[PDB]
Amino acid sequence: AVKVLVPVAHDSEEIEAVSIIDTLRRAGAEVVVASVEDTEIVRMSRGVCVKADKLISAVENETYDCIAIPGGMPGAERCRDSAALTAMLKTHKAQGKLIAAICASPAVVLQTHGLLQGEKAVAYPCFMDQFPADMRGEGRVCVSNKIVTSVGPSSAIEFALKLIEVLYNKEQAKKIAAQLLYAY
């Protein structure tokens, strides 16, 4: 049993959020889609309306094996500015859980809150200067110890598959790659 939190906000990137959620659930994870807004329904960046499983305030004291943050702007900023999600991230980081982000959120969220110290990371290319030079990693997906980052909407499946590999193993990721028809 692997448990993952995916926070969602108004103007979250919908391909990225739903790619993460769908792909992990295929692997058998319990994924909790948690709104950082004052409604369960969020209106994502291209107008897709998603009804979250929970408000983040309802799970603030829960523990997850991974917290995986979708991109989108201003979505990433709304995630950044969520006090509850910020507290959860800081606690999960110190507790050795897997912290993950895609697109803007590695810079807007992870780096703003000092969660990438000693690590490398990637992000949607325009955000790569929000990182000090020595923390700029490489790849469409970048693993750095307990940090996993990734670049954008077309890399959201690759991102989630890496998360499967890290949280389960490479054989479980390869099964889910085959389900999605991803050339692994």
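Residue indices: 1-based, along the sequence shown.
**Student:** Once you work out the mean C-alpha B-factor for both 116-124 and 53-61 from the entry, which is higher?
**Tutor:** Looking at the record's C-alpha B-factors, the answer is 53-61.
**Student:** Given the B-factors recorded for C-alpha atoms, which segment has the greater mean, 11-19 or 168-176?
**Tutor:** The stretch with the larger mean CA B-factor is 168-176.
**Student:** Give the position of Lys97 by CA B-factor within its chain, expressed as the lowest, middle or highest third.
**Tutor:** It belongs to the middle third of the chain when residues are ordered by C-alpha B-factor.
**Student:** Looking at the entry's B-factor column for C-alpha atoms only, identify whether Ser150 ranks in the lowest, middle or highest third of its chain.
**Tutor:** For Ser150, the deposited C-alpha B-factor lands in the lowest third.
**Student:** Which third of the chain holds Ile67 when residues are ordered by C-alpha B factor: lowest, middle or highest?
**Tutor:** It belongs to the middle third of the chain when residues are ordered by C-alpha B-factor.
**Student:** Using the B-factors in the PDB entry, rank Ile41's C-alpha atom against the chain and give the third, lowest, middle or highest.
**Tutor:** CA B-factor rank for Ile41: highest third.
**Student:** Within this chain, which third does the Cα B-factor at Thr86 fall in: lowest, middle or highest?
**Tutor:** Middle third by C-alpha B-factor.
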